[PDB]
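Residue numbers (the authors' numbering), protein chains in the order written: chain Z, -9 to -1, 1 to 70, 70A, 71 to 101; chain 1, -8 to 224; chain R, 12 to 123, 128 to 144, 144A, 145 to 180, 180C to 180E, 184 to 202, 205 to 209, 209A to 209B, 210 to 233, 235 to 244; chain S, 7 to 60, 63 to 180, 180A to 180F, 183 to 204, 206 to 207, 209B to 209E, 210 to 233; chain U, 9 to 34, 34A, 35 to 143, 143A, 144 to 179, 179A to 179E, 180A to 180D, 184, 184G to 184H, 184M, 186 to 218, 220 to 240; chain P, 13 to 63, 63A, 64 to 144, 144A, 145 to 200, 202 to 204, 204A to 204B, 205 to 216, 216A to 216B, 217 to 218, 218C to 218D, 219, 219E, 220 to 239; chain T, 7 to 180, 180A to 180F, 184 to 199, 201 to 206, 206B to 206C, 207 to 218, 218A to 218C, 219 to 241; chain O, 8 to 102, 102A, 103 to 147, 147A, 148 to 200, 202 to 209, 209A, 210 to 217, 217A to 217B, 217D to 217P, 218 to 236; chain Q, 10 to 62, 62A, 63 to 143, 143A, 144, 144B, 145 to 180, 180A to 180D, 182 to 203, 206 to 243.
See below for the structure under consideration.
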Amino acid sequence: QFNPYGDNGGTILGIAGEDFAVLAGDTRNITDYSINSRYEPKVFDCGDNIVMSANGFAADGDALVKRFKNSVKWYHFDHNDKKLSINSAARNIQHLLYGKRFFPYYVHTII
Amino acid sequence: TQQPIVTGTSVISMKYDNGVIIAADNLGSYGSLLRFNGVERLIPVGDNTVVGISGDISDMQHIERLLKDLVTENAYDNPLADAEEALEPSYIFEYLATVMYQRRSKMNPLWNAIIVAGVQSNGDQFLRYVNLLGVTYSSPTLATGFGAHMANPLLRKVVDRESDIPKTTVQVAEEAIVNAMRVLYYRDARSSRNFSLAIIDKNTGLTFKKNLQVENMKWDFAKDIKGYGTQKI
Amino acid sequence: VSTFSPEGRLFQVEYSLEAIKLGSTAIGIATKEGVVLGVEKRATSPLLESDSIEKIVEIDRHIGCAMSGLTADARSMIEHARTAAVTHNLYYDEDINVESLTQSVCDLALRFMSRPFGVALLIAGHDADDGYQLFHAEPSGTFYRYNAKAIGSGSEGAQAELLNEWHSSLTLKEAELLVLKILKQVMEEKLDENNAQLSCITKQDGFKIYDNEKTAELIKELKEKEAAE
Amino acid sequence: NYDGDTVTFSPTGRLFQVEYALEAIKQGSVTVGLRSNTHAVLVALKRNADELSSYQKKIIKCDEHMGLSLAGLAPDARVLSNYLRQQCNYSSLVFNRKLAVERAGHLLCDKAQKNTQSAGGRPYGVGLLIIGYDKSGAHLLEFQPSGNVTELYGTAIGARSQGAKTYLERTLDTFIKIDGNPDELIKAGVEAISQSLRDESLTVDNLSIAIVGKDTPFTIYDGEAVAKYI
Amino acid sequence: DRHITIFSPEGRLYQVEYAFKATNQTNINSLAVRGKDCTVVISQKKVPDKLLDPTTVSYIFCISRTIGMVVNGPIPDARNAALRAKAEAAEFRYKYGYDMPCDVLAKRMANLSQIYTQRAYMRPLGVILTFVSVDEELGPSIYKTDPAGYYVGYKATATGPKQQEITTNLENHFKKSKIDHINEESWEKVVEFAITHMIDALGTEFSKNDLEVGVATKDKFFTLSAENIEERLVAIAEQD
Amino acid sequence: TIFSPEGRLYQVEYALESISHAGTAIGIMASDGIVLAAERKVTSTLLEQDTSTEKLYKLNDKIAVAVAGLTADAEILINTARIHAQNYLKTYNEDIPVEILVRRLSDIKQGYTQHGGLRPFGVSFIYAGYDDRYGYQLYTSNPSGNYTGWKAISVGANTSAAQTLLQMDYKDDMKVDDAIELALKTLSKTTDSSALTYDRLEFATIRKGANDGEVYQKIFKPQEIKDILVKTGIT
Amino acid sequence: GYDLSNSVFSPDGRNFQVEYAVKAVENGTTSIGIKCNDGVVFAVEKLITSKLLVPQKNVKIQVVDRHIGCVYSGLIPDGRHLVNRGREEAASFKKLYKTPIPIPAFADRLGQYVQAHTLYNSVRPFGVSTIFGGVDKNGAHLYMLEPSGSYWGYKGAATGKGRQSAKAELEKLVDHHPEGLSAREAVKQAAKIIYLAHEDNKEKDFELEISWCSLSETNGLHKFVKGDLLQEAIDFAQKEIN
Amino acid sequence: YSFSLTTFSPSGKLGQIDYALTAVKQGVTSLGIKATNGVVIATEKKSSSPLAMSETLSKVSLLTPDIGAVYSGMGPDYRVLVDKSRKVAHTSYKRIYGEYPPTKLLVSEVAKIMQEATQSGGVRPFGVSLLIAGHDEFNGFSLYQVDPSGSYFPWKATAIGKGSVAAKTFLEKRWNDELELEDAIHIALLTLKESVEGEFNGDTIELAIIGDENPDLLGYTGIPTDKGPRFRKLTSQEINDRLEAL
Amino acid sequence: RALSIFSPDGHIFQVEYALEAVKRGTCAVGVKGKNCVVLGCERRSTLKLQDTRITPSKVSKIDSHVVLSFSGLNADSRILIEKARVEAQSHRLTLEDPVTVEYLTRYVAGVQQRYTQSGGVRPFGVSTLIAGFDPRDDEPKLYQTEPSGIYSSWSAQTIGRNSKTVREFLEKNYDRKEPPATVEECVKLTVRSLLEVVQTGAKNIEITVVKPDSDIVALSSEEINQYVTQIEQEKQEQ
Ligand SMILES: [Mg+2]
Ligand SMILES: [Mg+2]
Ligand SMILES: [Mg+2]
Ligand SMILES: [Mg+2]
């Protein structure tokens, strides 16, 4: 049978300081016991001073990041160029994820 | 939800200083039966892009058709459909990546692994992989199937990192690719002696080579090998 | 229903606007201390219980609106506005921008249902990016921001009086009196607490409809201020 | 008797409902477009209903490299620019490709066309000026609700458009050469828009400006930011 | 009441009447006759414009291997009827395992026309269709349908502006001959008869480019070339 | 389906008008039963009156209707009424109360009144039925979707004439045989024809048989009408 | 008003909405096609409304698939709608049958679609007349399609305001070249005929556009005539107009 | 076009049904006579030209092996109703009960189809009147007339179209409840002679009977419970035989 | 197909003409006491020989605590009453509370409004009076809806033919300061007001009393006839 999921490895880490935050990732991408790439970034600047990473099944992670970056674009279009606050990003990401509750994005997301 | 029937094996590729090289053999297997020997799995799109495909051949032929339509449609109402608004390697890839991920999302995949090799109009080498799950990645070398396991190790000895690319000439790169193809014919039971290779160079453009053969094969030592342990004659 | 005149206006939209001119007056004034909305009740009879006349409604804590015209047509707009403000809060953990809410109602308006709406709306609110705001939403699907505006049967007269009286430092209390005043002038009946209704939205307290006792006190204060010259 | 619907030709082969839709433009506040080889500019005088009212927004961003100005029914500009946002968005997501301005043109023409051919619907009642910077440089486009689109060095639409269209028709050789100079293209735009004024001296609320170019993403300038151009 | 296919106080359908009028717009006449074991259709061919490619100007259509059709009416409507009948004849074959007979296809197109007669949103087609074949059950066959939804089979028939003259000419040949067909073995002589009787009744002579001929035999319908038509014209020019 | 400036429904008014030309039908409600009588408009010697049915239809075992208006429109509505009865019986294991069936039919008519752009049915009904809640019941419905209940009523041609007579001769404590008589007399004086014969009549009764405890529906045969004509002195 | 709806036949068997559509065509810019010995050439008249139009930029000839040219006079948007549908129709033929669509086949596809819009009173006919063609497996073909859906094959064809001038010129070519005509020649001849036909419209100045599809000059692909060869033809037309 | 094209006028008339009846009025005359052991339906085969083939047109059609129909008014309208009627005899009846419907119920269904065309959106009423003759085990022989309104009624004898008025009259004189079928055929032939103008022979006259069971028209032997069709179209030769003995 | 459209003066004619059918409808009135609401309706005169046992009276129960009366097209009213009854049960089912009278009014008003702006439907030829008591509350309730979908509450109100007249009566006779503190003097005011238009009749006037906690009783011909007598006496005593 076709398995719609895979696992591309990697690991991500986020730390909040008083007036900064870091989000870090390794750049390695793997399938089973092979290396696909030694440099395939998976932490992204999303506009409005938000960084995002969606780690696990890279195909799913990419879809989600794409859909969120696009979310931000349309937020500017629909709300007179307003800056998307990090809490508002979070809630929006909840809805992206939950919309797929019965066929989920296999990723751990940090912003 | 399906199963691959007629199949193609490794597609391998690497970037060198002035472009990218991609190769793939000319076989279409039917399980263990080596059924079709004249199968082109490198698909040129314009004068700047080659798309190399492994996996299910029927799905491959579907992807061919899509790429020909992509060219036709791009020319519609486009005076510069072949200048500035000509199709780029990046565009062809993002198109296929999208399709692949949509098809897996509908539980009906195109049973393939695809490498898109080419040169962008600003001279940048383009090399990126996408498969039946919609997973995509880029590297200075890329290979699918057995190529992943055997060709990558050999090709990475020429280009281990990004900074190695300006150091690598067409001659060195083509030599590495030809050698890896020999190894694959040694160790891949679904491989073939005949293959195709294509170079896309920012100066020379696209050179497409058909009917190559693996040559300079070491078999001679076989005569000395008798039995499986104790047998002397 | 979707026909152009040779002047390039939409018959049904223009006639819709005529229906609005037949409606009770509604006035809004936007200050830096709040935005005031006032309306003319216009009971068709003394037996009608005037407190059952809902022509100023809450949309969200930070957004109110007054209507004028065929007011029955406004239920589905108010509903749509409420849903849109609440949904936005659900999807984004924040208050909808006033302009965005107005745009959404205007979007609904565009959707030519057999005919246009026979009602105009004054949408007043506050938000952090653009402060206090007033909007007029026509059944055309167009909306306009105003420092001050009046809609319904007394509008032409009222708009002129608003032209005179409005300045960019009107206190909220000043503005309330102005609404009462201009309503007193344009209403057929004598303005009292039972046939006129005041409301405001302040950042600190949101949208509040004034109760009759609080409105009466303002009517009284208005009469006394005018009997000086 | 022939102006009932768009599904009807007159005996002389005219479509009156389309012609009448074209008329709604002539009531729209004036707007001007013009381009050199490195930039494209929109200048749109906004109209106010009352002296207490906004001078309604006439410029809508479509992508980082594309946008438009409207004259006529604002709701219709919203339907069409929205469709343009989607179409530009689709080009990015699916092909990683910025949408060609010409290609936007053909898409609008086709959207407008359908509305000139089926019962129950009505032609769009808004004219649009479309600027963009793409892979072949700067571009200005004029859209008419009839579904006709044209590529121009400069133009104007709305009330008394003819004044600015005349000024630009002569200034052609002066502005087409304003390469690498942004502020001087906006100047030329503003200098063009006034040849169609009558009402007054264009004020800090009167004016709306939009620029896109070589290293300039499409940005709208309003108020305090446009003061230096009056 | 004169725009859509509702009844008029006299119980009439003006649109259908007007559709019959349109069938004459091209100012062409056709005729069909039956041989012993063939069926022939002749139609005038008029290429006014010198700019036209004459080979593309035709009003005869191969519907299936065995069935041909000639239309009297404007070409857009004629082609629309040809496509539908082609489509219909292929379907019949797939669903039923034998070739659609000529009269069944006639009946089917008739019923389609009848619908435009009855439903307001569809105008009738301004055409008359003559279907010809050698049927495997019935023999040489001619069936003709009009915009009313009417159809019937004919011994012979004619259609167009001078319909009536051709028809009576033909009735007259049959009164005398006492048979219901052209008693000739080869299709070449049946075509020759058909042309002769069209000459005798239009008061006109034909060159090779003024006609169009379709023949139906057992298991084939074909149209003649200008050259085969010339050979026909030569042979009549030794009788008449 | 539109309003006049006066607040009337064009197509409905015009449908009532259509009905006013249809053969007359009369319903009379007795103490121990109900009579249905109806006059066949347009007859001939050759029209087969034996195996015929055009104005009196069985809906159910406990309910019958008399029709004035377009016969074919009526069959449509009779058929859906028969089905509604059966759905009720399937659902509840009880025969449908007369009112409920009548309300349903009226609702269907009202529909054409208010939406869809289709012409109303050109039909009025008299309903005769029995149920265990209200016993004997007489109802009437017309194209407006309106329904009302009656002690006696008439529909179709000459209702003003027939109505006056019934009002004149009806009494609450009547018996079924008298109602049969009253029905025939009333049709006898409102006929647009020479004299009332058997071949121009349909006749039905609903009676709670004295020997049993259950209700019987009788649709009179041609010979049975002919007979009931002699007794009452119309020969 | 036997004209207030489409699917209505007038009492003389004509369709009144179609015949008004023709008026809109006659009202349009003139365009032509010339069949040559192994190809087809297309040309059109582009009215320079104003100095501000960017020259060579508002292209009006359109390719369908890779081997078919389309040009039209009338309501430009109606022409585009038709070409879009022509393209869907060509894709669906290729997808199913592999071979690119034969010109006769493509002609009937448009025919039928156009004809459909003369059948229902809720749709209006197309306000264009379209000239199109190309090279398929057996020859070059040229067609013209009228708002009724009527189409035929042509040696030469013209539509729009300058149509009779053009039609006369074309007739002179047909008569004086029974032998045939080279793609190269037809290109110049097209340029001439457009210039000549611009006389029935000589108020606004105009820009010329030509395209062609020839077996030996383009391998049987549709291409626009550009630079050198375009200028050569503009020159040839300028010369032989005096 | 989703609204009814047949509406009520202020006089309460339904215009389109009236106009349909007028079209029926212009139609060629057709008749039916019910005997004690049969029913006969008959009409004239108005050849539009002598080149047309008379036989190739069914004016009298078999609906089921025991039910026939004939018409007056618009031929093409009739032809689609015959098709829809045959199909409904199967979908609404034989596929449910494994026997063909009784005459009155088939007639009922046809009437339904015609009523619907009187009321559905975008359509005009059928411009025909049908005479439907048949037999079934429980009702015996019957004859019914169906009109554009969807109204139907049973007749002992009747006639429709052009010369109906006179023919109804002529039948009224000749009909008794004791007629044998051969007598009804003869009477039918007489009535038809009055309405017809030109030639009057077996090739201008179409007649069918609903009579006894015809075992030799069955197609197979073996099942004695099946006896075969009661409907029979008379041949051109069979009509002429009865004409010479006028 | 849009039937309810605007006219140049800004009027929806179909909505307007619907009001005319209400005007043509038999009269209905409601007045609300200190602890009651009373509803009264006149009876028609097209024919008389009817069976009153079975024929639907003019006041419909919606839930056990809410009633609805109407003037206008009888057939249109059934449809609104059905939908109201369905909503009443649906509100209980999802909110575990019966409808407030105001909520049931807003619902019905909404339905009427909806039919003023949908293709292919004509507005309701109906105006309603809707009366009752909120659950666990004693303050009386009375509301009016009209074909446009407007609604509001009334100390007292009348609709239908000659409502013009009877509104005049109530406007001077109903004292807001002193609502008819008895069920009795509430029926009295309701009978007086109907008498002005009815032209004497016991089988003409019908009355229904609604008290708190689902207490709703129809009166009898004779029970009303008692009020008929005492009112015609006190007027003839002057
Ligand atoms: Mg926020
Ligand atoms: Mg029709
Ligand atoms: Mg039509
Ligand atoms: Mg011409």
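The beta carbon of each residue, even a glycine, is placed where N, CA and C say it ideally should be.
Problem set entry | Residues that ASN228 (chain U) contacts on chain T, provided the C-beta gap is smaller than 9 Å | Counted from its first residue, the fifth sequence places residue 228 (chain U) at position 228. What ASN228 (chain U) touches in chain T: nothing, since even the nearest Cβ is about 21 Å away.
- Task: For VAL113 (chain O), collect the residues of the same chain with a Cβ closer than 6 Å to its Cβ; drop the 5 residues on either side in sequence, then sort them by chain order.
- Result: Within the eighth sequence, numbered from 1, the residue matching residue 113 (chain O) stands at position 107. If we look at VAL113 (chain O) and ignore the five residues flanking it on each side, its Cβ neighbours are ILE138, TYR149 and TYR157.
*Residue environment, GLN222 (chain 1), which counts as buried when at least 16 other CB atoms sit within 10 Å*: Walking along the second sequence from the start, residue 222 (chain 1) turns up at place 231. Burial check for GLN222 (chain 1): the Cβ neighbour count within 10 Å stays below 16, so the residue is exposed.
ask   = Can you tell me whether DSSP reads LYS201 (chain 1) as helix, strand or coil?
value = Within the second sequence, the letter at position 210 stands for residue 201 (chain 1). Of the three classes helix, strand and coil, the one that applies to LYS201 (chain 1) here is strand, per DSSP.
Point to revise | Amino acids of chain T, ordered along the chain, whose beta-carbon sits closer than 9 Å to that of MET116 (chain U) | key: Looking up residue 116 (chain U) in the fifth sequence gives position 109. Within 9 Å Cβ-Cβ: nothing; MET116 (chain U) doesn't reach chain T, min ~16 Å.
message = Just to confirm before moving on: does the CB-CB distance between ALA123 (chain O) and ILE40 (chain O) stay below 8 Å?
response = As a first step, residue 123 (chain O) is located in the eighth sequence; it is residue number 117 there, counting from the start. As a first step, residue 40 (chain O) is located in the eighth sequence; it is residue number 33 there, counting from the start. For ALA123 (chain O) and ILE40 (chain O), no; Cβs fall outside 8 Å.
Strictly under 8 Å for the Cβ-Cβ distance: is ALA49 (chain Z) near chain 1 by that measure? In the first sequence, counting from the first residue as 1, residue 49 (chain Z) sits at position 58. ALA49 (chain Z) counts as touching chain 1.
query = Using Cβ-Cβ distances below 7 Å, what residues of the region 51 to 73 of chain O are close to chain U?
reply = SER56, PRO57, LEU58, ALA59, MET60, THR63 and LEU64
key: ligand 2 site residues, beta-carbon cut 5 Å against heavy atoms   = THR13 (chain U), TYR123 (chain U) and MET129 (chain U)
**Prompt:** Is there at least one non-hydrogen atom of ligand 3 closer than 7 Å to the beta-carbon of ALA127 (chain U)?
**Reply:** Mapped onto the fifth sequence, residue 127 (chain U) falls at position 120. Yes, ligand 3 has a heavy atom inside 7 Å of this Cβ.
**Q.** Other residues of its chain near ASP84 (chain R): CB distance less than 6 Å, five sequence neighbours each side excluded
**A.** For the purposes of this step, residue 84 (chain R) is identified with residue 73 of the third sequence, where counting begins at 1. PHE132, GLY133 and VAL134, listed in sequence order.
Taking its Cβ as the centre, do 16 or more other Cβ atoms sit within 10 Å of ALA108 (chain S), making it buried, or is it exposed? For the purposes of this step, residue 108 (chain S) is taken as residue 100 along the fourth sequence, with counting starting at 1. Counting Cβ neighbours within 10 Å, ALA108 (chain S) comes out buried, since at least 16 surround it.
With a threshold of 16 other CB atoms inside 10 Å of the CB of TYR160 (chain U), please say whether the residue is buried or exposed. On the fifth sequence, position 154 is the one that residue 160 (chain U) refers to. When all chains shown are included, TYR160 (chain U) counts as buried.
With distances taken from each beta carbon to the nearest heavy atom of ligand 1, which residues come in below 6 Å, in chain order? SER75 (chain Z), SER78 (chain Z) and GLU105 (chain R)
Is it buried or exposed, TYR98 (chain S), if we count other Cβ atoms within 10 angstroms and call 16 or more buried? For the purposes of this step, residue 98 (chain S) is identified with residue 90 of the fourth sequence, where counting begins at 1. Per the 10 Å Cβ criterion, exposed.
*Leaving out five residues on either side along the sequence, give the residues of the same chain with a beta carbon under 7 Å from the beta carbon of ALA30 (chain T).*
Looking up residue 30 (chain T) in the seventh sequence gives position 24. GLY80, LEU81 and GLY133, listed in sequence order.
Exercise. Could you please give the first and the last residue of the uninterrupted alpha helix (DSSP H) stretch that includes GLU90 (chain Q)?
Key: The residue given as residue 90 (chain Q) occupies position 82 in the ninth sequence. That run of the alpha helix (DSSP H) goes 82 to 103.
Is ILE21 (chain Z) near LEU74 (chain Z), with beta carbons less than 8 Å apart? Here residue 21 (chain Z) is taken as the residue at index 30 of the first sequence, counted from 1. Here residue 74 (chain Z) is taken as the residue at index 84 of the first sequence, counted from 1. No, Cβ-Cβ distance for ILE21 (chain Z) and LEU74 (chain Z) is not below 8 Å.
Am I right that residue 285 (chain O) and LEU176 (chain O) are in contact with their C-beta atoms under 8 Å? What's the rounded C-beta distance? Absent from the model: residue 285 (chain O). The displayed extent of chain O is 8 to 236, so no value can be given.
Next on the checklist: So residue 273 (chain T) contacts chain 1; which residues on that side make the cut at Cβ distance below 8 Å?
Outcome noted: Past the edges of chain T, shown from 7 to 241, lies residue 273 (chain T), and the structure says nothing about it.
* To do: List the DSSP bridge partners of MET43 (chain Z).
  => As a position in the first sequence, residue 43 (chain Z) is number 52, starting the count at 1. In DSSP, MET43 (chain Z) forms a bridge with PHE35 (chain Z).
For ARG93 (chain S), return the contacting residues in chain Z, with the cut-off set at a CB-CB distance below 7 Å. Here residue 93 (chain S) is taken as the residue at index 85 of the fourth sequence, counted from 1. In chain order: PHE68.
Margin query: Below 8 Å on C-beta distance, what does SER111 (chain R) contact in chain Z?
Written below: Residue mapping note: residue 111 (chain R) aligns to position 100 of the third sequence, counting from 1. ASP69, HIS70 and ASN70A, listed in chain order.
> With C-beta atoms as the reference, is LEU112 (chain Q) less than 8 Å away from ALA92 (chain Q)?
Replying inline: As a position in the ninth sequence, residue 112 (chain Q) is number 104, starting the count at 1. As a position in the ninth sequence, residue 92 (chain Q) is number 84, starting the count at 1. It is a contact, given that the beta carbons lie within the stated cut-off.
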